[PDB]
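> Sequence and experimental coordinates follow.
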Amino acid sequence: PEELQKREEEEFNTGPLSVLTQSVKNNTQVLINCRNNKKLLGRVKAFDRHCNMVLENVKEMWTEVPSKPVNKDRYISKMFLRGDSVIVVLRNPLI
Amino acid sequence: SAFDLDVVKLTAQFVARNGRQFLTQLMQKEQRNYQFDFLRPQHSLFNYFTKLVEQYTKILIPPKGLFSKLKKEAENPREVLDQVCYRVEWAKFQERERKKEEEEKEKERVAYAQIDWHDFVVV
Amino acid sequence: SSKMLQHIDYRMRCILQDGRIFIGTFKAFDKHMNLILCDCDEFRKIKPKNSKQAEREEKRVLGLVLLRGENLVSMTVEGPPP
Amino acid sequence: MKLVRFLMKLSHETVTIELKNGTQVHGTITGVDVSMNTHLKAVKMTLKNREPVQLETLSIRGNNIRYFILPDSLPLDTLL
Amino acid sequence: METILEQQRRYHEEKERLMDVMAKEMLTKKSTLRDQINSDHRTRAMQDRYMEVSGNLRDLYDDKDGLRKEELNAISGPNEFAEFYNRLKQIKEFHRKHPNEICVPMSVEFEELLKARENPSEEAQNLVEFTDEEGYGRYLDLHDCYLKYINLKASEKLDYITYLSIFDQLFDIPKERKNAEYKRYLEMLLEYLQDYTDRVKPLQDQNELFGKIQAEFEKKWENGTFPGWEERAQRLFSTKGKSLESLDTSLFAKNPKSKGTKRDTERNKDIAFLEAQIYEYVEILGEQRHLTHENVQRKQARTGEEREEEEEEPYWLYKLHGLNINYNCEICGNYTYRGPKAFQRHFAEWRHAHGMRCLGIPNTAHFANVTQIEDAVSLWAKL
Amino acid sequence: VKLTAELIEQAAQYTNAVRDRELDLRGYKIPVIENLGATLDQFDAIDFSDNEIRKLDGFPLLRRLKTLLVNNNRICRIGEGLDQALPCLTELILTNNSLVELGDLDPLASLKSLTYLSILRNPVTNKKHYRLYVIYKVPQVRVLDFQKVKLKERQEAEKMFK
Amino acid sequence: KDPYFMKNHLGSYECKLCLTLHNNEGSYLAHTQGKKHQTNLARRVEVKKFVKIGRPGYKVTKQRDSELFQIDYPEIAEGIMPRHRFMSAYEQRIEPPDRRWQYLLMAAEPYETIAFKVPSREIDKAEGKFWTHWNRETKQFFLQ
RNA sequence: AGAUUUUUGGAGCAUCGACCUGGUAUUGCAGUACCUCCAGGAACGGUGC
């Protein structure tokens, strides 16, 4: 109800996902690590309690060995990532 | 109706290669005890046989493909589109002429049903 | 909705988590992504491990197979109900 | 709010669901449930280092799907 | 076989039927863009079929020049005709009429009320050649090209409006180097733009337009298509200026200009041809690009609800009354009746009277319950 | 009555006694085999008993097929493009045929994965050195007419027709 | 407003949709809600007045043909052709006795009708589109 | 609908199936893992580390 929604908003604003609340406040890009060693850099448009994120204008980079591995990357306009494959989520990336 | 159509096509192919109106390959076959009821104009198949003979005569034209090759109809889609547009314009003009003829017939029927039929004068 | 019950009792092929494909008549399903495939056949691809060797797929028929939802990845339709 | 309700309100959209074991199925998603079960029709599936095959119908589960890719002509404000 | 007589007339009749179908398609009005695009694709397919039939009919003239000496001869004639008539004198026991000699090409080149598509074009679909975002030639999909440009540039400082402004240039300075990796994306963007231009107008001659573009690239673009008042003459491949026309003509056959560089006329000729094709597609389809930019600006300036609205566009009655009970009436040709009261009502009717009038019995009240003809004849003879 | 897709779609496709998918097509009397690609490579054995097929040809590309039953027919000639259509063929039942010449089994050696063969009740087996010629033609076949190959038979096949 | 409930001749209520009867007023309002009622609801002059008439003198010339009359008319400057019609002699202004013949009359808009009596029963056809002609270049009317 | 059994993630060696040669006893009625033993060769394949 309303009390459960207020408790969910308090847990999203003051809990572990509050950095994810930084993704929807100032629209800043976040760095999410996947299970297949694919780092996704981009802001989050929508989130939930199960860490399911909706990213807009994201860039997915990974290392693929053909020797030395190359940093082959791609750019997606809109994407959705489940919370089961999320390993580490960084609020402020380096570059 | 395939055998009669094949016989009509054979008669149209044999009559188109004649050098005269009555000196053909079908006028002499009528006196050779060969029954051909499609040569008489009283039958309904004579109107189709005349169209088949006209198509066989048009297939022997010098631009029909015997001594020349068509380039505008075979290697120009714009010429075919212009011909289709001219045919559509001719069909629209024929439909407008038919509508004008129907309007004139309706005006004549309105004028004939409104005239006085009691003013009789014998001179 | 009832999209899972629309393809019931048809010759469907479900992809496993290990890479195998089980083709059979999925007659019964549940909410936990379980499948009851009557006259099922599982095909698993073998690695060539060479330069000139080709890639083959060993197929074995088991009959009625009860596949759990923890190993099933995706199910596709292959053939109509006979 | 949960993200399953935003994914359940999607019909006749050409999306691309990338699975966990190197599989990616691109097709028109026709059905989505609360358990993230994606039922699509006339899709193309490409496995890990394999040829992309074409399937008339497919039904991917919720736990086997790793990521999703939506087209650019899809508003996220009205779906949430 | 009459290849010069029957086959040429059949090809001429097929060409006339195709021209009549094209005139009937062009005379009818259009209401939607997708239906007009489907009608244009069907007309292009019919024009291609008519061109193939005309090319197959134009090659049947080798033996005609040899057979015209025997066909036009007046000494011959009814002998071979009588031989062919004796060959056509087989068994006529196949009692079957075939009116599909000329009506079948007329019906194959027509459409139905439920689906406006021809019989050879029944398997054609507009969704297999154009995407939903393009709108069957209304707009152009540029999201994948913008994503490829953002992946090649390796920077997130380029939005869709900046990519549309960079793609709007035709002869200005490029945003990247000509010898960089942007040419591999530009060739794909030109190959997509050529398919988008060929899909937007299927009735236009694509081969003649490609030949004209190749002639303009060879005779004009390779000989200084951009004169000046280093600024006098510019080369697209070498990317260097020239003092006069004689110096450019002497340097056109030079050793670095032929194959002694990484952007010479030997290796970078396909990239220059793709850039010229992209410039021709941008100059020919600039209105479609402006409409796509206006649609992108309207989608970006709208809210979520406006974008979502734009993206969405009885046995008991039969058992109580005595029905469903089979009854045989031998008078009216052993007919069936599903009720005793229904049979009693149909006994004093027009059908039973017409059945009894064939036997010669008058319609009276004594033959009301009469069913068999042998009993009715005896009842008529007894009275 | 010719063979089409309606005869294959209405046929009974089930599991056989060898734990494989087989479609029964007995009692059809099809003079030619065509349009067999409607199975979408979902069968391993195809039965063609009681048929009037004069030549075994016109087979589409099927990689899932592993057994062919052409028993009780009138096959006089054999096709040459059979190895390119069935690469995983292992069992071939060509019993009760009209093979008379020894050259009819020369395309039959084109199948490299063939291990089972049945050419019994045929006039080609009545001639002398028929099994030796069949062993010398296709050495990959291990079972010919419900009988295993022999080392002395292989030596006699390699010695003859030198 | 129920169009099925009516009042009988005995002070009762009658439903014609389901053909049911009700004695009191409380049973008619309770009969609309039910299975049978829901099943029955689910199962169920200007051109004639503006014509100028000056009556000029016509010029008709008849000729006995064998296998046709020619009427010379002035220029009418209109597309309306003069129409010919065969009528009986029973209708007249003064109605003379012994009138038992037919008359073919041709009429136009600016001119008066010219009528010729035909003593024969059927020797020709008085149809307009069959055997009549009107040359507007010479303004000559013929009918055969 | 997020806490261990299903759905918000543990991501050269050993064994088995075959292939080919000889001796050996069982001739038997059942819905079955498997199915007599010994000797010789293999330049066959699958699984885990």
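Yes, it's here. Numbers count the residues shown, from 1 in each chain, chains lettered A, B, ... in the order given.

> CA atoms for contacts and neighbours, from now on please.
Will do.

> Bridged to residue G:60, which residues?
In this entry, residue G:60 is beta-bridged to residue G:71, by DSSP bridges.

> if I look at it, how far off is residue G:128?
Per Cα to Cα, to the nearest Å, residue G:60 is found 17 Å from residue G:128.

> likewise residue E:305?
Noted for residue E:305: a distance of 70 Å to residue G:128, by Cα to Cα.

> Is the residue most central in space within chain B part of a helix or strand, or is it coil?
Chain B has residue B:51 as the residue nearest its centroid, 6.0 Å off, counting by Cα atoms, centre = their mean. Classification of residue B:51 using DSSP: H, G, I helix; E, B strand; the rest coil returns helix.

> near chain E at all, the lengthiest helix in chain G?
As assigned by DSSP state H, the longest helix anywhere in chain G is helix G:35-43. No - under the criterion of Cα under 8 Å from any Cα of the partner chain, helix G:35-43 makes no contact with chain E; the nearest approach is 12.5 Å.

> Now do the buried residues in whichever helix or strand comes after that helix.
Using DSSP states H and E, the helix or strand that follows helix G:35-43 in sequence is helix G:46-49. Under the neighbour-count criterion of 16 or more other Cα atoms under 10 Å in any protein chain shown, helix G:46-49 has nothing buried.

> try stretch D:61-78
Buried residues in stretch D:61-78, counted by 16+ other Cα under 10 Å: D:61-76.

> Keep only the residues you listed that also lie close to chain E.
D:72, D:73, D:74, D:75, D:76.

> Same list (those) but as a markdown table, adding distance to chain A and secondary structure.
Output for these, formatted as a markdown table (distance: Cα to the nearest Cα, whole Å; DSSP: H, G, I helix; E, B strand; the rest coil):
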| residue | distance to chain A | secondary structure |
| --- | --- | --- |
| D:72 | 6 | coil |
| D:73 | 9 | coil |
| D:74 | 8 | coil |
| D:75 | 9 | coil |
| D:76 | 8 | coil |
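
> Could you verify my assumption that residue E:318 touches residue E:324?
Yes - counting by Cα atoms under 8 Å, residue E:318 touches residue E:324, with 6.4 Å between them.

> so what's the residue nearest to the centre of chain B up against?
Applying Cα atoms under 8 Å, 6 or more residues apart in numbering or on different chains, one finds that residue B:51 lies in contact with no residue.

> ranges for the strands of the chain?
Just so you know, I chose chain A. Along chain A, the stretches classed as strands by DSSP state E are A:30-33, A:39-46, A:53-61, A:73-81, A:89-90.

> let's do chain C instead
Under the criterion DSSP E, chain C contains strands at C:10-16, C:21-29, C:35-45, C:57-67, C:72-79.

> Quick one, which of those gets closest to chain D.
Proximity to chain D (Cα to the nearest Cα) singles out strand C:72-79 among the strands of chain C, at 4.2 Å.

> and the residue nearest the centre of chain D, what is it in contact with?
Taking Cα atoms, centre = their mean as the criterion, residue D:17 is the residue nearest the geometric centre of chain D, at 3.9 Å. Applying Cα under 8 Å, 6+ apart, we find residue D:17 in contact with D:24, D:25, D:26, D:65, D:66, D:67, D:68, D:69.

> Now flag whichever of those residues is closest to chain B.
Proximity of the contacts of residue D:17 to chain B (Cα to the nearest Cα) peaks at residue D:26, which lies at 39.1 Å.

> Can you check what angle separates the helix or strand harbouring that closest one from strand C:72-79?
Here residue D:26 sits within strand D:24-32, counting by DSSP H and E. Here the directions of strand D:24-32 and strand C:72-79 differ by 80 degrees (axes from the mean of the first three to the mean of the last three Cα atoms, to 10 degrees).

> Packing partners of strand D:24-32?
Applying 3 or more Cα pairs under 8 Å, 6 or more residues apart in numbering or on different chains; DSSP states H and E, one finds that strand D:24-32 contacts helix D:4-8, strand D:13-19, strand D:38-46.

> Which residue, neighbours along the chain excluded, lies closest to residue D:40?
Counting by Cα to Cα, 6 or more residues apart in numbering or on different chains, the nearest residue to residue D:40 once its immediate chain neighbours are dropped is residue D:29, at 4.2 Å.

> Just grab the bridge partners of that neighbour for me.
residue D:13, residue D:40.

> Can you report how many residues lie near it?
23 (other Cα atoms under 10 Å in any protein chain shown).

> Give me every residue in chain F lying close to RNA strand H.
Residues of chain F lying near RNA strand H by Cα under 7 Å from any atom of the strand: F:142, F:148, F:149, F:150, F:151.

> Please type out the ChimeraX selection for whichever of the residues you listed turn out to be buried.
Buried residues within the residues of chain F next to RNA strand H, by 16+ other Cα under 10 Å, are selected in ChimeraX with:
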select /F:142,149
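
> Of the residues of chain F next to RNA strand H, which is the nearest to chain E?
For the residues of chain F next to RNA strand H, the nearest to chain E is residue F:142 (48.9 Å; Cα to the nearest Cα).

> so that closest one touches residue F:150, yeah?
No - here residue F:142 does not reach residue F:150: they are 9.2 Å apart, not a contact under Cα under 8 Å.

> List the residues that contact the residue most central in space within chain G.
By Cα atoms, centre = their mean, chain G has its centre lying nearest to residue G:45, at 13.5 Å. By Cα under 8 Å, 6+ apart, residue G:45 lies in contact with residue B:114.

> Now with 10 Å, please.
Taking Cα atoms under 10 Å, 6 or more residues apart in numbering or on different chains, we find residue G:45 in contact with B:110, B:113, B:114, B:115.

> Spell out which parts of chain D neighbour chain B.
Not one residue of chain D sits near chain B, judged by Cα under 10 Å from any Cα of the partner chain.

> One more: the stretch 51-200 of chain E?
Residues of the stretch 51-200 of chain E lying close to chain B (Cα under 10 Å from any Cα) are E:51-55, E:57-62, E:64-65, E:68, E:71-74, E:76-82, E:84-85, E:88-90, E:92, E:94-99, E:101.

> so of the residues you listed, which ones are in strands?
For those, not one is inside strands, with DSSP E as the criterion.

> Neighbours of residue 7, how many?
Picked chain A for this. 12.

> ah, I was thinking of chain G
Neighbours around residue G:7, by other Cα under 10 Å: 12.
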